[PDB]
Asker: 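Pasting in a structure now, in C-alpha cells, and then I'll have a few things to ask.
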Amino acid sequence: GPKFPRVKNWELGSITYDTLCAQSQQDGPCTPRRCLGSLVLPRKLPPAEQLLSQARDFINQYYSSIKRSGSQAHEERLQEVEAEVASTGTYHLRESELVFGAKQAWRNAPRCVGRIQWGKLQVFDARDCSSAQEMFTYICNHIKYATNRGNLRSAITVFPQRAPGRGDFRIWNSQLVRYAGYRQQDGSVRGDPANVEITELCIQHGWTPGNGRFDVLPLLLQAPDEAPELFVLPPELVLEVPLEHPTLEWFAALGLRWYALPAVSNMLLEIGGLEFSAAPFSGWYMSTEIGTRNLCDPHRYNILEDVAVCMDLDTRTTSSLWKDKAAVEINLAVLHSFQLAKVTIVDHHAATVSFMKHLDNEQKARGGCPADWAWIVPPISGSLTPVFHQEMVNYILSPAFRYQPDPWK
Amino acid sequence: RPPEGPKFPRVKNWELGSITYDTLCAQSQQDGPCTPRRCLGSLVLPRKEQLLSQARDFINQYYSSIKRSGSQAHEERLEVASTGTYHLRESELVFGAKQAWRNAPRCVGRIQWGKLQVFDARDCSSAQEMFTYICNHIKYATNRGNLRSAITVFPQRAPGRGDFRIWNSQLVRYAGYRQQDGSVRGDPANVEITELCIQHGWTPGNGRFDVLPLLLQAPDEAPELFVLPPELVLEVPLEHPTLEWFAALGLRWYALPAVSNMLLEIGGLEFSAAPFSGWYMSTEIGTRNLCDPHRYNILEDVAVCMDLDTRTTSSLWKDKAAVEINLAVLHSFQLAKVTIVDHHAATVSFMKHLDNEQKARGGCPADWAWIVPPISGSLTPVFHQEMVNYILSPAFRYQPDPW
Ligand code: HEC
Ligand code: HEC
Ligand SMILES: CCOC(=O)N1CCC(Nc2cc(C)ccn2)CC1
Ligand SMILES: CCOC(=O)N1CCC(Nc2cc(C)ccn2)CC1
Ligand SMILES: CCOC(=O)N1CCC(Nc2cc(C)ccn2)CC1
Ligand SMILES: CCOC(=O)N1CCC(Nc2cc(C)ccn2)CC1
Ligand SMILES: [Zn+2]
C-alpha cells in the first residue's frame, strides 16, 4: 500500500515502512538492473551552489532537533551561513552544532551495530589544533579519556576542517592502535598482516621495528602541507588484554593479546558540507571483531589451525567442523579475558539484541534506520542472532562518516 | 586493467586481494528492487509482443549454446501467431531448466548446475498423474542415499484456466499440530499446510516427525490428497559422534530437499508446478530447521543437556550448541550413507564455480546474504568475496499460494 519501502522482520512477523530514506541526498551504487550492496566501497577517490545546499540542510536538521525549526534563530543562522560562504567560500560550525553533527554521523552509520549508544558520545573540540605535536597531545587525551582504565567511553576528537588552498590534517594510521606487520624473509608475516603497509611507512619515517607479534605502532600525524611526523604512544596509555581461555589452560600459553580501545582514525567526518579529514572516534569492541576477524581471518592472525591443533581436532576434513569449534573457543577466550580484566566489551548476542531495540526507537524518531545487513549480522552465529531475520534498507544520510583516499599512495 | 565506473562492476575478494569485473549483468532484462537512492537487497520477496521477444531471446540463447546459432534451424524456429502462446521442445526445456538453476542468485550449490536430471511431465491432466510423476521423482533423486539433482516440469500456464499447483512448499515436510496451551507438536512452520490437509480429509498423526501428505491441484479443481509411500521417503536418525545422549533426543530429518512452490520461467512461458531437488547443506537442517526459534527450537534443550551456562549470553551457549547440532547432522548423514555437504565444502566449491562462470560468461549473479551460510559466516571463503546481484532468464521465482 504505502509508497515507501516495506521492511519485514521474519521472526516476529511484524512490518514497518521506511520514510527516512526519502531524505537521502546522496546516491548509492545500486541500480534497478543490479545490486552492488555487497561491495565494501562504492568505487572512487568547494563551490557554493552545492555547499550552501548541504549547509542549510544540515542547519535545518539542527534546529529541528532542538525543536526550534523555523524560529528566528534558525532564519538568522541560515542568513549567517550564506554570508560567511559568499565572502570566503566556506564557513564555521558552532560548538553545539558540531556536537549534533558528530552524533548524527554515528547515528547515520549503516554498518555500525552499536548505534543504540549514538546519544552518549563525548565530543572533543580540537578545531583549534595547529600542529602535529598538538594533534598528538589531543590524541593521547582522547585515549586517556576513552579508555578510562577499562570502563570505556565513546568519544570522538574533531580536528580542523579542510579549506581550499591548504592541506588537510591527517592521521595515516587506520586506527590509533594497530599492531605491526613485519614482512619476513621467508615471505610470511610477523604481526598483523593487515598493517604491513602502514608498518613499512613508519619505519621509513624513522621508526625502529621489533620482531614481536603484537608491537604497538607509532602514529604518523600530518599537519597541513607538511610531512608526517612520528609519535610513539606512551605504553601506559595503551591498555591491553592478554588472552586466556576459561578452562583450556594452554590457550594463555599461545601468547595472544589485544588492545581494549577500538579507535578508527582514517575516516572523513562530513557535516553540513564541511569535511573533517581527521576525526578519530572510539567506542568498545564487540567480541567477534577480535575473536573472529582479527584472530581467525586467514589473512590476519590466522590461528584457527593452531587452536584446533591443541584441541586435538580432525583438521584433515571440513566435515569435522574443526574451524567452527575452534572459532567458538577463541571468541569465548576473548570475552572471558576482557571480563576478567574488567575491560568493556560486548558479545554478538547482546549487541544484536540491543540493536533491534535501537531500530524500534529509530522508527518512532525518524521513521526508519539505514542499515547494512551484511555488517549488522555478526561474522559467527549469524542466524542465531535476531538481526539476521530483520530486513534492512540501506541508504546514505548526512552527517556521515566516509572513506577517503590514503594520504600517500 | 579493469573497467572503472558503474558499467561493468568491479568485484573484489578481500582474502586474496584479487579483482575482476562483471560484464554479465548487462544481459539482465529484469529490474530488481534497488535504486540509486536506497538498496533493498536484503528483502526476501519482491514488493510486487513482450512475450514473442522473451521467446526469441531464449531460442537464440538455446541455439548459441549448442554451438549452432544463426543457422537455418534456429532461424526457422524463431504458434504465437494463432494462439498467443507457444510450446517448447523437450531438449529446449532441459536447457532452460538447467539455466534457471544456473542463474539462481541465492543458490550456493550451483557448481552442480550442469548435472540436472530433467523430467518432462507437461503431459499431465490430473492430480493423480502428478502424484505418480512426483513419486518417480522422489525415487530417482533419492537413489537410495546417493542423491541426484532432479526437476520434474509440469504443464505450463494457459492464460484463461487455472494453474497446476503443488500446495506444499516441499515434497517432503513434517506435519505441525497445534494443541491447546499454544504450542506446536511437530514443525511450527507447517501448521497451515497441515491444517489444510486435515480440512481436505487427512487423518492427522501424533508425532514430532509425521511426513505430510501432498495436496496436488489440476486447473480449476479442488486439490487432491495423496499419501507418499513410506518406502519412498528416506529419513535419517540424528545422533552425535561423542554425545551419546543426543540420539535419545529422538530427532531425525528427511534426506531429500525438494522445493515445490516456485515458478519456473523459460522463454516467457511459466511453469507454476515444477518441483526441484538436490541435496542438503548441513546448516539448513542443523541451524535453521533445528535451532530457529520458530522451528524445532532445540537449541536451549541441547545446551542444558551439554550443561552449558544458559543464564548469560556471554558463555556463548548458543554458539557451542549450534556447532554440536550441526556436527550431529553431518555425522548422522555420513553414518547413514546419505549425501550432504557441510558449509565449508559447499562454499569452497561455490568459489570454484565463480571462477568458472567468469571464464564462461564473464560473471555470476550472487546474493551474498544467501551465499554466506547462517553460521560461521567469516570462516567461509565466500564471506570475503564481493558479489553482484541481478536477474537472468530463465529463472525461478516466487508465486502466490494457491489458497
Ligand atoms: C559503543 C561501542 C560500539 C560498538 C560495539 C560498535 N561501534 Fe561502530 N562503526 C562506526 C562506523 C562509521 C562504522 C562503519 C565502518 C565502515 O563503514 O568502514 C562502524 C562499524 C562497526 C562494526 C562493524 C565492523 C565490521 O567490519 O564488521 C561493529 C561490530 C561496530 N561498529 C561496533 C562508527 C562508530 C562510532 C562513531 C562516533 C562509535 C562511537 C561506534 N561506532 C561505536 C561502536
Ligand atoms: C546439488 C545440491 C544443492 C545444494 C547443496 C543447494 N542447492 Fe539450491 N537453490 C535453488 C533456488 C531457486 C534457490 C533460491 C531459493 C529462493 O530464493 O527462495 C536455492 C537456494 C539454496 C540455498 C539457500 C537456502 C537459504 O535459505 O539460505 C542453499 C544452502 C542451497 N540452495 C543449496 C535451486 C536449486 C536447484 C534447481 C534446479 C537445485 C538442483 C539446487 N538448488 C541444488 C542445491
Ligand atoms: C573499512 C575498514 O574498517 C575496519 O577495519 N573496521 C571497521 C570499523 C572498526 N571497528 C570498530 C570501531 C569502533 C569505534 C567500535 C567497535 N569496532 C575497525 C575495523
Ligand atoms: C577499505 C579497507 O577495508 C578493509 O580492510 N576491510 C573491508 C571489509 C571488512 N569487513 C566486513 C565485510 C563484510 C562484507 C561484512 C562485515 N565486515 C574486512 C576488512
Ligand atoms: C524463500 C524461502 O525458501 C525456503 O524456505 N527454502 C528454499 C531453499 C531450500 N533448501 C534447499 C533446496 C535444494 C533444492 C537443495 C538444498 N537446500 C530450503 C527451503
Ligand atoms: C517467503 C517464505 O520465506 C521463508 O520461508 N523464510 C524467509 C527467509 C528464509 N531464508 C533466508 C533468509 C536470509 C536473510 C538469508 C538466507 N536464507 C527462511 C524462512
Ligand atoms: Zn542493492
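Every heavy atom of this structure was used, including side-chain atoms; hydrogens, water molecules and symmetry mates were not. Protein chains get the first letters and strands the later ones, always in sequence-line order, with residue 1 at the start of each.
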Asker: Where do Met262(B) and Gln399(B) land on the side-chain contact (heavy atoms from CB on, under 4.5 Å) test, with the steps shown first?
Answerer: CA-CA 6 Å; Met262(B) 295 196 94; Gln399(B) 67 181 317; 5.5 Å; no
Asker: Looking at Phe95(B) versus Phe58(B), is the centre-to-centre ring distance below 6.0 Å?
Answerer: yes
Asker: Checking the side chain of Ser282(B) only, and the main-chain atoms of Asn326(B) only, is there a donor and an acceptor separated by less than 3.5 Å?
Answerer: no
Asker: Is there a donor-acceptor pair closer than 3.5 Å between any side-chain N or O of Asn168(B) and the backbone N or O of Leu171(B)?
Answerer: no
Asker: Indicate the atoms forming the closest heavy-atom contact of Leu330(B) with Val341(B), along with that distance.
Answerer: CD2-C, 4.4 Å
Asker: Measuring from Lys12(B):NZ to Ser38(A):OG, what's the distance to the nearest 0.5 Å?
Answerer: 13.0 Å
Asker: If I take atom OG1 from residue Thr20(B) and atom CG from residue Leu354(B), how far apart are they, to the nearest 0.5 angstrom?
Answerer: 8.5 Å
Asker: Using modelled atom types and a 3.5 Å cut-off, is there a donor and acceptor pairing between side-chain atoms of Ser53(B) and backbone atoms of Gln50(B)?
Answerer: yes
Asker: Roughly how far, to the nearest 0.5 Å, is the CD atom of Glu270(B) from the CG atom of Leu263(B)?
Answerer: 5.0 Å
Asker: Which pair of non-hydrogen atoms, one from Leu384(A) and one from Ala322(B), has the smallest distance, and what is that distance?
Answerer: CD1-CB, 3.5 Å
Asker: Would you say the rings of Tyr280(B) and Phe333(B) are close, in the sense that their centroids are separated by under 6.0 Å?
Answerer: no
Asker: Please check: side-chain N/O of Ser260(B) versus main-chain N/O of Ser169(B), any donor-acceptor pairing under 3.5 Å?
Answerer: yes
Asker: Out of curiosity, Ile380(A) CD1 to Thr292(A) OG1, how far, rounded to the nearest 0.5 Å?
Answerer: 4.0 Å
Asker: Would you call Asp120(B)-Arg122(B) a salt bridge at under 4.0 Å N-O?
Answerer: yes
Asker: Roughly how far, to the nearest 0.5 Å, is CG of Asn60(B) from CZ of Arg77(B)?
Answerer: 12.0 Å
Asker: What distance do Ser149(B) atom OG and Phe276(B) atom CZ have between them, rounded to the nearest 0.5 Å?
Answerer: 11.0 Å
Asker: Between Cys21(A) and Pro370(A), is there a side-chain heavy-atom distance shorter than 4.5 Å?
Answerer: no
Asker: Is it the case that the side chains of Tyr390(B) and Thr31(A) hold a donor-acceptor pair, with the cut-off being a distance below 3.5 Å and no angle test?
Answerer: no
Asker: Give the minimum heavy-atom separation between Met281(B) and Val108(B), together with the two atoms involved.
Answerer: CE-CG1, 3.4 Å
Asker: Please assess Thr318(A) against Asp342(B) for the test side-chain hydrogen bond (donor to acceptor under 3.5 Å, both in side chains), listing each intermediate value before the final yes or no.
Answerer: CA-CA 7 Å; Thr318(A) 61; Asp342(B) 64 72; 2.7 Å; yes
Asker: Are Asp192(A) and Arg300(A) within salt-bridge range, i.e. N to O under 4.0 Å?
Answerer: yes
Asker: Hey, are the side chains of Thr283(B) and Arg288(B) touching, using non-hydrogen atoms and a 4.5 Å cut-off?
Answerer: no
Asker: Spell out, as yes or no, whether a donor-acceptor pair under 3.5 Å connects the side chain of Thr339(B) to the backbone of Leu147(B).
Answerer: yes
Asker: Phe271(B) vs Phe164(B), test: ring-ring contact (aromatic ring centres under 6.0 Å, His included). Steps then yes/no.
Answerer: CA-CA 8 Å; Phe271(B) 298 89; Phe164(B) 285 81; over 10 Å; no
Asker: Taking all non-hydrogen atoms of both residues into account, name the closest pair between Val259(B) and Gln170(B) and its distance.
Answerer: CA-CG, 4.5 Å
Asker: For residues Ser376(B) and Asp324(A), is any side-chain donor paired with an opposing acceptor at under 3.5 Å?
Answerer: yes
Asker: Heavy atoms, side chains only, cut-off 4.5 Å: are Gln29(B) and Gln54(B) in contact?
Answerer: no
Asker: State whether the number of non-hydrogen atoms from other residues, nucleotides or ligands found under 6.0 Å of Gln117(B) atom CD is greater than 12.
Answerer: yes
Asker: Distance-only, no hydrogens or angles: does the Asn294(A) side chain make a donor-acceptor pair with backbone N or O of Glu289(A) under 3.5 Å?
Answerer: yes
Asker: Indicate yes or no: at least one non-hydrogen side-chain atom of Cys296(A) is less than 4.5 angstrom from one of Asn302(A).
Answerer: no
Asker: Should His74(B) and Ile59(B) count as side-chain neighbours, where that means a heavy-atom distance under 4.5 Å?
Answerer: yes
Asker: Spell out, as yes or no, whether a donor-acceptor pair under 3.5 Å connects the side chain of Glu305(A) to the backbone of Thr315(A).
Answerer: no
Asker: For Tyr21(B) and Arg10(B): C-alpha separation, side-chain torsions, deciding distance, then whether side-chain hydrogen bond (donor to acceptor under 3.5 Å, both in side chains) applies.
Answerer: CA-CA 4 Å; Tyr21(B) 48 90; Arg10(B) 280 191 304 130; over 6 Å; no
Asker: As a quick check of understanding, evaluate side-chain contact (heavy atoms from CB on, under 4.5 Å) for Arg111(A) and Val40(A), giving each step before the final call.
Answerer: CA-CA 10 Å; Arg111(A) 295 179 172 171; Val40(A) 171; 4.1 Å; yes
Asker: Hey, does the side chain of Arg34(A) reach the backbone of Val388(B) with a donor-acceptor pair shorter than 3.5 angstrom?
Answerer: no
Asker: How close do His348(A) and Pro378(A) get, counting heavy atoms only, and between which atoms?
Answerer: CB-CB, 3.7 Å
Asker: Given side chains that start at C-beta, do those of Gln358(B) and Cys364(B) come closer than 4.5 Å, heavy atoms only?
Answerer: no
Asker: How about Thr152(B) and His137(B): does a side-chain donor come under 3.5 Å of a side-chain acceptor?
Answerer: yes
Asker: Check whether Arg33(A) reaches the backbone of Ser28(B) with its side chain - one donor and one acceptor, N or O, closer than 3.5 Å.
Answerer: yes
Asker: Is it the case that the side chain of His344(B) and the backbone of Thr380(B) share a donor-acceptor pair, with hydrogens and angles ignored and the cut-off at 3.5 Å?
Answerer: no
Asker: Using side-chain contact (heavy atoms from CB on, under 4.5 Å), reason through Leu392(B) and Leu24(B) one step at a time and then give a plain yes or no.
Answerer: CA-CA 9 Å; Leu392(B) 293 183; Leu24(B) 177 59; 4.0 Å; yes
Asker: So, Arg110(B) and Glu357(B), do they make that salt bridge, N to O below 4.0 Å?
Answerer: no
Asker: With ring centroids as reference points, do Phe383(B) and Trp14(B) lie under 6.0 angstrom apart?
Answerer: no
Asker: Between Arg89(B) and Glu79(B), does the salt bridge (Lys or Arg N to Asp or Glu O under 4.0 Å) criterion hold? Intermediate values first, please.
Answerer: CA-CA 13 Å; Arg89(B) 304 289 157 260; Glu79(B) 306 177 357; 3.2 Å; yes
Asker: Set out, in order, the CA-CA distance, both residues' side-chain angles and the distance that settles side-chain contact (heavy atoms from CB on, under 4.5 Å) for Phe119(B) and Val153(B), then state yes or no.
Answerer: CA-CA 6 Å; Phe119(B) 284 129; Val153(B) 186; over 6 Å; no
Asker: Given side chains that start at C-beta, do those of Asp27(A) and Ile396(A) come closer than 4.5 Å, heavy atoms only?
Answerer: no
Asker: Walk me through it: do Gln26(A) and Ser398(A) pass the test side-chain hydrogen bond (donor to acceptor under 3.5 Å, both in side chains)?
Answerer: CA-CA 8 Å; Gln26(A) 251 268 291; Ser398(A) 184; over 6 Å; no
Asker: Report yes if the side chains of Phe396(B) and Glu265(B) come closer than 4.5 Å at any heavy-atom pair, otherwise no.
Answerer: no
Asker: Of all heavy-atom pairs between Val7(A) and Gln390(A), which one has the smallest distance, and what is that distance?
Answerer: CG2-OE1, 4.2 Å
